[PDB]
Each structure stands twice: as structure tokens, then as C-alpha cells.
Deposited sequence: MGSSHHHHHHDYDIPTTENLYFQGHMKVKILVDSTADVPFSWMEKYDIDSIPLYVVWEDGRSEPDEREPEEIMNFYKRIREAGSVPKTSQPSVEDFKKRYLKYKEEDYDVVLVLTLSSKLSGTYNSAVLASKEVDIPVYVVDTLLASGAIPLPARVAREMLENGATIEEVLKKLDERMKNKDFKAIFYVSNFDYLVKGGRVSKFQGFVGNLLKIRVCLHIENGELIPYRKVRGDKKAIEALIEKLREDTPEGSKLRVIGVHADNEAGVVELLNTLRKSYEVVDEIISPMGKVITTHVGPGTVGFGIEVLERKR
């Protein structure tokens, strides 16, 4: 088979170990503070942790921006020079960011073949189809076949993004959408859909799993990526609760990056779900 590089953007919150394990690179989007300071959303443990403290203490909530066309071109040329034959890019929902269009535009100006997939998802749900793509490629599947299957998986809603936030004001401030209240959301057709408000994390956790249950019977086989915005204990509880009604053949936790955290706010907990 040919050598295929897989690239997701930083809003995919890819598990750190997956970069090497599945040869998945991550392109940084940016966080720009009101004072003009700009910083890349790199998948580095300590850097993300440092960002959590800073956004929690900041006097304002920063804005975010897609990678530049130049940023994408740079990556594509780098992979060509690393002898890759093709580049498979999976971006977050085109309805949530201009990242998809930027990746597509850049793909037109470079020599190496670049296929861009609008996942219509965000955060931890994105690395799921990315890994499925690598597994299929490794077994000799062609790009055309991979794109075909992913399209089917999407049609059957096999990849889900369900989560809840602690302070809804972050999402409102971001533009994409009381005491102890928790707002539960899920991504549908690439858009953020608030579907419930509850009190406390236990109920929020239960509501996330209830939402999953609407089309995925308990006992179903899954692969999961639990995500959190500086609330590891919170997502651990979520996955522990999930294991009691489903057959989780694989799970891993990944911290939400600077860009996702800027929009959802600290305290957020949720999971990317792949229905096997």
C-alpha cells in the first residue's frame, strides 16, 4: 500500500499516545486573547495544563481561530518531504469553523494528494474515525474505500460527540451555541445541540448516557475517548458509569485542548463514542 499521513486539527483533542501509535499529526488552531496575544493549541500535556490555569484565572475569555492556509500548506509539504504518498485530513465540523475550507484550499496548491474529510464533529469524537481510517489502511484498504466506509459509518451515526458543560456562558460567548446547573449537549449534523439542563454531575453523566441509549441499545459494543476540560475525576466517573451498561472494548482519556476549552469552559466532561 501507499504511505498515508493522517492529520486532524487541534480541536480533535487527540490522545497524546495516538500520534505515534496511529501516525496521526495535529495542526494547531489558535487562541487569541483580547490584548492581542496569540498562542497555538499544541497537543502537549504540560502546555494544556498551563492553559487551564490561565483561562480559569483570566479576566476575559479569549477568541479562537482556524489554522491559516499557509499553516496547512506547510504541513502538506513536510509530509511530502517525509515520503508520504497521500495525506488524509479530518477536520472538525465545517459548521463550527472555517478549518475545513482552509484545509481544502491549501490542498489545491500543493503537490501531494490531500483528501479532506468534514467530520461534522468536534473534540474527542474526531480521533475515532481517524483511527478507523488507519486500521483500514493498515489492512490494505485504499483511500477511496476508506472514505466510502467512513461515509457509511457517518450515515449510521456510528461516531458520536456527547458532553455537558458547567458554565454555559463560555459556549454562548464562543458563538457556536443557575447554581450547580449542567447543560448537556450533543453534536447533530455538525451543530451543537443543547438537549437538557440538570443539577449536578451525576445527573449530567446519566443524561449523557441516556442520550446515547436513544439509538444505541445497552450492551452494544463501543470504543470510547473520554474528554474533559481540567476535570479528570469527572470524566473518569463518566467512563465508569458507561462501562456498567455497555461493552467498552477500548477506552482512553484525553484532555480537551486550548481551543475546545475556550469554547466549552473548564469543568466540561463528555465522550467521543464509536459504536462498533
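Residues 1-24, 202-210, 310-313 of the deposited sequence, counted from 1, carry no C-alpha coordinates in the model.
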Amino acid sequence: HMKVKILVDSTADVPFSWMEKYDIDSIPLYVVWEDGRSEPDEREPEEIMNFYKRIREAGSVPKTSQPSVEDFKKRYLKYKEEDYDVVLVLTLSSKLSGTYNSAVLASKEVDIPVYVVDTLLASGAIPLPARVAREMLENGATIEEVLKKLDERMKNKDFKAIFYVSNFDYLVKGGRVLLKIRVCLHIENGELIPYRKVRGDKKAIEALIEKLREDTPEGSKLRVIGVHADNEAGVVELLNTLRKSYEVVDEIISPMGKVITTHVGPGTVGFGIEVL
From here on, numbers count along this sequence of modelled residues.
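When the C-alpha B-factors of 139-147 and 73-81 are averaged, 139-147 comes out higher.
The PDB entry reports B-factors from which the mean C-alpha value can be compared for 84-92 and 193-201; the larger average falls on 193-201. Highest CA B-factor among the listed residues (65, 50, 26, 220): 220. Residue 234: CA B factor in the middle third of modelled residues in this chain (values from the PDB entry). Per-chain ranking of the deposited C-alpha B factor places residue 56 in the middle third. The PDB entry assigns residue 212 a C-alpha temperature factor belonging to the highest third of its chain's modelled residues. For residue 14, the recorded CA temperature factor ranks within the lowest third of the chain's modelled residues. Among the modelled residues of its chain, residue 246 has a C-alpha B-factor that falls in the highest third according to the deposited record.
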